[PDB]
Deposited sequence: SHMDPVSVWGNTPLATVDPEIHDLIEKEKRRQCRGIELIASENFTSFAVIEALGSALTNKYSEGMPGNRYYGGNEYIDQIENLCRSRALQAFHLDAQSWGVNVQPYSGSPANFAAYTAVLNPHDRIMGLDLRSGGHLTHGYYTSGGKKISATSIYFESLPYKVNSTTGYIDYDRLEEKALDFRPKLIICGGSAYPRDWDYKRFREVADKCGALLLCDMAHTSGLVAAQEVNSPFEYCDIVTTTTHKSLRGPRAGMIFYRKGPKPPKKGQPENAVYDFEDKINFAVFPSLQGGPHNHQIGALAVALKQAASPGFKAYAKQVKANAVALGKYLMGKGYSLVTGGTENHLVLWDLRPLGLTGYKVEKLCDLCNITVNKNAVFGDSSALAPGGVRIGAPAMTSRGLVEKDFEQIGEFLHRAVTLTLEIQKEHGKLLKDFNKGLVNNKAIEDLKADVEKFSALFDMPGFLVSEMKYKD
């Protein structure tokens, strides 16, 4: 009574699962009929999507290429080798001095595997405070001492912060902190920091306290590949990353690590085996070979002249957006940007990030509420350029986005003035708001004028 392979196995999704097919179509329209400003998002290529959705998902290949536990790995080995060699090329790394492991399921597993490789349970870690622009996997506990991040459950973490008035990393306090706490590992990189990192200074702090130094470059890895921001590879021991943000690839993770002789015992680096062993067999099972193939595709694309121009454009778009906002009287943390995002301090407007985020989301403008230096109800919004830049928007287009944001914050203030400063009141002013429906229509019309990678808009089920 078994179904024929043609019926269950070869039939397209639109017949097998209409419900899911319909929902994907609506998500496809949503992605191209709004303004996507989530700084951790991007629209990847169709080529990447074709590798991701391939028979590569069927192959179970525990181990490394050339040291696998089962047979039949002739072509999976070649894909993984190509993915690794392309990873080194994309970041201009000499293979004698750097290795990479491309099996992490995602960025957060890449981080935790890196920790497991070089630390023992309860070893001390320092990372950029969440409220200062850091990331959950770098450590996070609450004021009640509740350990939220797994990094803070299995290791002992302590955050360093930005200067309270300037919004830049306080390198003097970082150093004083590291000399007190004596971390075995210092993490640099972050999720909502709008400036570049002084990796040289991090290296100096690390050397002074006897720490390893790791960069989580998840957010800016695309800018790093195109050499548009400082490279962490010059000064860090280990570099982890996600592959889907500014790098514009699939959802995956990578761990880069130093190889060969150490700088001034005639000693050599010892990370390669520990890192690989941490990924498998300690933490992961078989790799997601479709992710590795998709990632190999993304890495080749990342090494093209067009990608360096894209990374330049991402930077120029964020700058032109920020300058447009500041021209309207708005205040940005650090007063500008050097990367892909702006951090908009709304406290001078009497507004909360949540209120602006909610109203923007009603106009199909997706940003995210975000903490700002000394927040104690986050008081800012975080806006990123990668996704809309991938759709071909240039500086003039990002100035229009700034106008849309300007219109949106204006509607937020008019609501707050009319209905009240309490969240209960603010909501009353959204109901049947003509002005909100008008901005929504303009956003959708503006959004619809640009192209869209990954799927053909002239094949969409909803237009």
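- Residues of the deposited sequence that lack C-alpha coordinates fall in the stretches 1, 266-270, 383-385, 473.
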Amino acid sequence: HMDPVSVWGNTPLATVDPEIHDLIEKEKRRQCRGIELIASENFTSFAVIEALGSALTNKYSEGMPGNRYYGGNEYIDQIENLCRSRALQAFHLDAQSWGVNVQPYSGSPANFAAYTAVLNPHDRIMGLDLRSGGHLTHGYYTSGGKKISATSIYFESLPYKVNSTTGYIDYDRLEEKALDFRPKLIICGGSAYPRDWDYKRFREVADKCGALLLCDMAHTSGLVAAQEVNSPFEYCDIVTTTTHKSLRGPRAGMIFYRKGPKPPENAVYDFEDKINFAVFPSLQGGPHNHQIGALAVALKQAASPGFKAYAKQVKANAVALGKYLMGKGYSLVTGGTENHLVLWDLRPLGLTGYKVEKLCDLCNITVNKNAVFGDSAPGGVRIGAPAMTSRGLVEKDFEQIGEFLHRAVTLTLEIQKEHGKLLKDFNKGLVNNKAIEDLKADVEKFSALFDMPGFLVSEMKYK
From here on, numbers count along this sequence of modelled residues.
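- Comparing the deposited coordinates for 106-114 and 297-305, the stretch with the larger average C-alpha B-factor is 297-305.
- Per the PDB record, of the two stretches 233-241 and 356-364, 356-364 carries the greater mean B-factor over its C-alpha atoms.
- Of the candidates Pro386, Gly350, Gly127, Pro194, the deposited coordinates give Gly350 the top C-alpha B factor.
- You'll see in the entry that, of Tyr160, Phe373, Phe256, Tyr154, the Cα B factor peaks at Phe373.
- Per the deposited record, the Cα B-factor of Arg182 falls in the lowest third when ranked against the other modelled residues of its chain.
- Ranked against the other modelled residues of its chain, the C-alpha B-factor of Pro378 as given in the entry falls in the highest third.
- Ranked by Cα temperature factor within the chain, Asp77 sits in the lowest third according to the deposited record.
- Ranked by C-alpha B-factor against the other modelled residues of its chain, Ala39 falls in the middle third.
- Among all modelled residues in its chain, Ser143 ranks in the highest third by Cα B-factor.
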